[PDB]
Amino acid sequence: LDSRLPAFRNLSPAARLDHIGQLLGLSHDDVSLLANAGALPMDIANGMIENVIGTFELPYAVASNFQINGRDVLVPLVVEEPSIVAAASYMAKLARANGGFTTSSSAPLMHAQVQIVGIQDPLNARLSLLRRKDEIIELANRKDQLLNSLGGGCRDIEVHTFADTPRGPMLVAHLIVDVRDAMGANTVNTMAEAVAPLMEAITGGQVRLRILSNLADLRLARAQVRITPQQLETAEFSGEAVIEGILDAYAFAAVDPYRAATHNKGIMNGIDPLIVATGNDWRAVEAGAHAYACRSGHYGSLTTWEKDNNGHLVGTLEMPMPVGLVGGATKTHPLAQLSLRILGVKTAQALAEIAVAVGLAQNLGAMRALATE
């Protein structure tokens, strides 16, 4: 694949769609899903959520120029706001000159919380759980034999205590679960429910909440980009001066939450539309993102911007990125499936890596514009 899409910006929607179909070797019938309204039929929509009266469209777009670990990728995006897609495509074009985006990710590990109340010895009860951790892990894994055969499963447990709250002592167990190609919510919740009776027997306490955490800080995806000063030169400003301006803008985000909120919103402009296009839960991605940004005790920037030993601008994005290829609405929505086909992703972590590349690109675009006006 060549993702450069020359003159895409100026083609009609129909022409653009035909080119995409040609590049990818889409069938006529796949192209029909975008060439005509109504790919989400009403019997599917009506079964997805409650009280349905119709469907609501947003535009479906494709960003150009992306390249991830040396492979060109086409990126579908669904959103209402202008300039997002153009900026992403432009920053991807710049990145390609220097190797594109380089990405990595952790295993798809999600937390399942099990909250325990009713005991006067939470700190002791924590150790009772840990002593019996293999038993707990085995009980969790008995509940999803398929996931274990797919290469996932409950890997570990961690236990945290809150001995002094206004509502009395609490203990919180986390199952740590590899959820393979799912976002993970229903997969881990089921394990949390399975182990609850055993945790009650061990601790002597009462289990209350059994629920994933959206702070998915064991499910991290990472992206890098590099930009040279020559690329950032304008009529008004040297590239070197733009790079210094971007570093100043970054330091401003790092110290001031009023700026960090906006800086990180720019990142989510790039990410959330890919999450929507793939039928994934964008509230989950947002909650993970912004809670992670404040993990230090200060709400700061998700990205970093620095100058390397050659004077080049180097950016990173590392963040939680819980997404699926299966589960929820990813399989339900025919255009979610088409998006995954467009992307060519074969694992959920591959999708997560593309997401962070797009977020990094969108922040780059915002940094560049704001440093050059």
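Throughout, rigid core stands for the largest set of C-alpha atoms superposing within 1.5 Å between the two forms. Residue numbers here begin at 1 and follow the sequence given.
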Problem set entry | in 8 other deposited structures of this protein, rigid core aligned: more displaced of 298-306 and 141-149 by C-alpha RMS | 141-149
Exercise. If you line up the core and then measure how far each C-alpha sits from this form in 8 other deposited structures of this protein, which stretch comes out higher, 311-319 or 325-333?
Worked result: 325-333
Exercise. Looking at the entry, does 305-313 or 61-69 show the higher mean C-alpha B-factor?
Worked result: 305-313
For this session: Please work out which of 284-292 and 191-199 has the higher mean CA B-factor as recorded in the PDB entry.
Result: 191-199
Problem set entry | Largest Cα B-factor, entry values, listed residues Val78, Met268, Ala107, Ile246 | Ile246
Exercise. Based on what the PDB entry reports, which of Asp164, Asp181, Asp256, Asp121 has the top C-alpha B-factor?
Worked result: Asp164
Problem set entry | CA B-factor placement of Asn46, once the chain's modelled residues are sorted into thirds | lowest
Exercise. When the modelled residues of the chain are sorted by Cα temperature factor, does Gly54 land in the lowest, middle or highest third?
Worked result: middle
Exercise. Hey, what third does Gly38 fall into on Cα B-factor, ranked over its chain?
Worked result: middle
Problem set entry | Ranked against its chain, the third holding the CA B-factor of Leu343 | middle
Exercise. In terms of the CA temperature factor given in the entry, to which third of its chain does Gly239 belong: lowest, middle or highest?
Worked result: highest
